[PDB]
């Protein structure tokens, strides 16, 4: 699911004019448009840091998995963090990261570093492996995991007997299905796609804006310096007026499209905070919300600008 | 334990008045977002928009009327763009409140009109009830929730083997105060003795790892005694 | 006289501290700033570390309840 998008800031004066004081003087006569455009992009940008804090900052305390990691025979090495890798990203998380890998258009940095967005995921995935659903409803209370699974079987209508009695088979089936997960993404089908569409959507968005800086918009030339010098002062301002208006519209279209796109991401960051509570911190009785079948559990993993739940 | 629950609810309801009075930013954000938008529209009326002056009257008075039209068009086009941006941002803002009205209709239906089993939809905790209070352009819901507290550590065993048949607990967990084995309800400690009433017997004592031997009491046999 | 470089940019007027506390004014890139008395920039603390005590045979059962009337606007 895609949780957040790139937070960008645009300087109206450099973009509309750019090393042309005479243009800046003309721009003021247009109005407060620069102020509203910065207010719009600043709100999109602060939301992009609440979209990423509502999804992963659920847990109050950074819980930690034990030094010895034997959990009933279920093997979580592929999911739980290992110290050798970049950050301490876990092996599936490393693959997802490697898979996905100006002219005033600044790109602000996200407030929470991927070292932290990843440490939040280690707490979420280390008290869901010890305590259970308890961590999200109060003080985290420890339950041995081959027993948390029997309580999660009872919620699909199947008795506890069907886990302890068939425990090793259930464990091998979990460990093997966990193993194929890396290959399913790493067989190179376009699985990440949804997150990568967001990067591509944003990069194309900026490219249209930068490549519209080269458009006459019905004026004599795309270069302000030539028009300023090659035209007389009254003539220059009237032709310049088309250039500033067109560039103001191109910046305005970027923000309108960007607010519509931010809404789609806020919708996907509110579906991933209903799936990091109902599915990561409880068992969901809703149907097909959390898997085709009867949900037994779900595990969070952080990918570039989004979340993968297994 | 009815009185404790009653005072805990009653005091907690008391703190809400002060805490709300330390909060309503989400509701005041809408009032502010709307005001800024209306004034930006009024101030744009006071902007030249690449014209000799904002006032239409002065433009008509100090220019010849047939020639003045192109300058007038400059103002009208700018103001139509200004209104069109108002309507477009307002359409995008309307669909943020429609999304919030839809979650409030859902929270009213699944929390005021019933008890939700969804996690953290109606408070952080296990929902017990929820109360609706009107606020100026929104709703404030006083979600009531049961929060487990004061934990204690015990030794847990998955099955209890008596007479070579595994016995699993019908509802609950098997817990030990160090020496005596008991069956407890999971979300509140209520230690109880193990009898066939609270235990389901399935299988033999050689298939589950962690079965602990003990005595599952028989209720019928002592009355026979 | 206090200058310090962070991924977001150069923060002038604030002295980097090696202490860690919660985020009051979020500067960006993992660094948060507040007012000690001077203005101190630090690395945000995600929260307090707790290690749940996982064990093959230990459970913890909640022995009391609290009734909390939270508010959502």
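All residue numbers here begin at 1 and follow the chain in the order shown.
Using N, Cα and C of the backbone, Cβ positions are placed for all residues, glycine too.
Quick look at what Swiss-Prot lists:
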DISULFID  B:111-B:122  disulfide bond
DISULFID  B:161-B:205  disulfide bond
CARBOHYD  B:153  N-linked glycosylation site
CARBOHYD  B:177  N-linked glycosylation site
CARBOHYD  B:213  N-linked glycosylation site
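Known features from Swiss-Prot, placed on the structure.
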residue	record	contacts (Cβ under 8 Å, 6+ apart)
B:111	disulfide bond	B:121, B:122, B:127, B:129, B:130, B:141, B:143
B:153	N-linked glycosylation site	none
B:161	disulfide bond	B:167, B:205, B:211, B:212, B:213, B:214
B:177	N-linked glycosylation site	B:154, B:191
Report summary line: residue B:161 (disulfide bond) falls, by three-state DSSP, under strand
Requested in this report: Mind telling me which of the disulfide-bonded residues B:122, B:205 has the densest Cβ neighbourhood, counting other Cβ atoms within 10 Å?
Outcome: B:122
Report task. Select from B:111, B:153, B:161, B:177, B:205, B:213 the recorded positions whose C-beta atom falls under 8 Å of at least one C-beta in chain C, and return them in sequence order or as 'none'. Result -> B:153
Query - Helix, strand or coil at residue B:177 (N-linked glycosylation site) [DSSP, three-state] - result: coil
**Report entry** Reduced DSSP assignment, residue B:205 (disulfide bond)
**Finding:** coil
Report summary line: Under a three-state DSSP reduction, the secondary structure at residue B:153 (N-linked glycosylation site) is strand
